[PDB]
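Here's the structure we're looking at; comments come further down.
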Amino acid sequence: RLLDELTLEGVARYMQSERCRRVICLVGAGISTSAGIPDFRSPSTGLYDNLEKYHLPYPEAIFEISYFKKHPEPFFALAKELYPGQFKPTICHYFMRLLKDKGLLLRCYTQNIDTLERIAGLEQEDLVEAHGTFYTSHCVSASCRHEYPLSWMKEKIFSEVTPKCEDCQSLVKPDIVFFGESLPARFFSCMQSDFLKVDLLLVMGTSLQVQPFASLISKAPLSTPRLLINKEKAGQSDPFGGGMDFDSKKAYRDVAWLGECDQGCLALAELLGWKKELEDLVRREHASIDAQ
Ligand SMILES: Cc1cc(C)nc(SCC(=O)Nc2ncc(Cc3cccc(OCc4cn(Cc5ccc(OCCN6CCOCC6)cc5)nn4)c3)s2)n1
Ligand SMILES: [Zn+2]
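So this is what it looks like as structure tokens:
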């Protein structure tokens, strides 16, 4: 097996061997909760309680493309309510920036729409946004599709003006994937290529319960180590394949580190000799963002 032991220490030794060249990060809402962004897919989300005042036909309508296109106002009111107070990536985000800097990051697949990976410096081709992103928006008319930056969309959101295209006056929609919309072809193109190449899967802040993330860890080669950094264990197959095997007698490649993603990334960085680099980077970038 590739790991000499099923611990964070074994993963760190593997990462600094010649065998570990290409790391894929799979990240979810748990890497942004310390940035103050709540997980609306969580079983305990307060979202639906807070949706009551929009008198929706049913709560899930907030996520549905057909409802959006006929009644966009609840979505844009909610977007104002939930707009992040700061755009300050976490220790975990900057750990991924170090992976990029050091030439180890093949790809970051993210469930998050908050753009924090981009603020931390991951570039477009580094990222696969499994549920889309607020980073860009597009006019919804097929013959127009004018693109708008987040600054434009933010101004419309905060002024409570439903965003309309300047060229054709159709609705302008953030590039997040509503229910009823398809994943872009790029998700499948990347998945089909990346998981032939991956030497290490870093799974952070995701329960792997929602598609398409629920399909991803089975795509890795059988030998590829998989490290979960999460408040709780996740990814084991339901008792009723390629699911996580942390604890059986046959476990050989999967490691669970249980805690906040920031703490787990700090601990891994420390084992790698990167703790000073990560602390200096985060303190500098956070001070600068607090200044904005
Ligand atoms: C830069 C920036 C700016 C803003 C404004 N915000 C943020 S970030 C802050 C945040 O949230 N802003 C939001 N703005 C709008 C929101 C609503 C919304 C509508 C449509 C798509 C959305 O996104 C993509 C998406 C869609 N799906 C599918 C899905 C899957 C599982 C789900 O479970 C429902 C919850 N149930 C689960 C079990 O039963 C109990 C609870 C729900 C949806 N997944 N992703 C988002 S959310 N950043
Ligand atoms: Zn247009």
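Residue numbering for the sequence shown is 396 to 687, as defined by this note's numbering. Even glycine gets a Cβ: it sits at the ideal position worked out from N, Cα and C.
Residue i and residue j closer than 9 angstroms at C-beta
i    : j    : result
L595 : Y409 : yes
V605 : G630 : no
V422 : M491 : yes
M586 : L611 : yes
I571 : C487 : no
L591 : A407 : no
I552 : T528 : no
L673 : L403 : no
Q506 : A424 : yes
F608 : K628 : no
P569 : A646 : no
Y489 : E665 : no
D649 : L401 : yes
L517 : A430 : no
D521 : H541 : no
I432 : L442 : no
Between the CA atoms of residue j and residue i - distance to the nearest angstrom
i    : j    : result
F582 : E468 : 29 angstroms
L500 : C660 : 15 angstroms
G600 : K626 : 7 angstroms
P544 : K644 : 51 angstroms
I419 : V593 : 6 angstroms
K670 : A472 : 41 angstroms
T440 : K614 : 30 angstroms
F574 : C539 : 22 angstroms
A537 : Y462 : 18 angstroms
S618 : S584 : 22 angstroms
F435 : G480 : 16 angstroms
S632 : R396 : 21 angstroms
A682 : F635 : 49 angstroms
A651 : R678 : 28 angstroms
Cβ of residue i within 9 angstroms of any chain C Cβ
i    : result
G498 : The structure shown contains no chain C; it holds only a single protein chain.
Selected residue, minimal CA-CA separation from residue i, among the options
i    : options                : result
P484 : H526, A474, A515, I419 : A515
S577 : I419, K644, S536, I460 : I460
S532 : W547, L522, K628       : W547
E447 : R436, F573, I419, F470 : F470
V523 : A407, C503, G637, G600 : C503
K549 : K614, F573, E476       : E476
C534 : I552, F608, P558       : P558
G637 : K644, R621, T428       : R621
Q687 : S613, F482, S429, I426 : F482
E413 : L398, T402, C420       : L398
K495 : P579, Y443, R417       : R417
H466 : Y443, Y449, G480       : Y449
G668 : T619, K464, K497, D562 : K497
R513 : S427, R540, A474       : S427
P438 : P579, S602, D685       : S602
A580 : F458, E561, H526, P479 : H526
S554 : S565, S588, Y478, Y530 : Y478
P616 : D444, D589, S683, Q411 : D589
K464 : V556, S565, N445, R396 : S565
Residue interval of the alpha helix (DSSP H) (run including residue i)
i           : result
residue 688 : Nothing can be reported for residue 688, as the shown portion of the chain is limited to 396 through 687.
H488        : 486-496
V677        : 670-685
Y462        : 460-465
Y443        : 442-446
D434        : No alpha helix (DSSP H) holds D434; DSSP gives it neither H nor E.
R396        : From DSSP, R396 is part of no alpha helix (DSSP H); its letter is neither H nor E.
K475        : 468-477
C585        : 580-589
residue 691 : Since the displayed the chain opens at 396 and closes at 687, residue 691 lies outside it and no answer follows.
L511        : 511-514
Span of the beta strand (DSSP E), counted from its first residue to its last, around residue i
i    : result
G659 : Careful: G659 lies outside any beta strand (DSSP E), inside the alpha helix (DSSP H) at 656-667.
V598 : 595-599
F529 : 527-534
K568 : 567-571
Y543 : 542-544
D649 : 649-653
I419 : 418-422
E561 : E561 -> no beta strand (DSSP E), and no H or E assigned at all.
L500 : 500-505
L623 : 621-625
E524 : 522-524
beta-carbon residue i near ligand 4 non-hydrogen atom, thresh 8 angstroms
i    : result
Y543 : The ligand content of the structure shown is limited to ligand 1 and ligand 2, which means ligand 4 is not among them.
Inset, instruction - Say whether the stretch 644-661 touches the stretch 444-455, bearing in mind that this needs 3 or more beta-carbon pairs closer than 8 angstroms, one atom from each stretch. - result: Counting C-beta pairs closer than 8 angstroms gives fewer than three between the stretch 644-661 and the stretch 444-455, which falls short of the contact rule.
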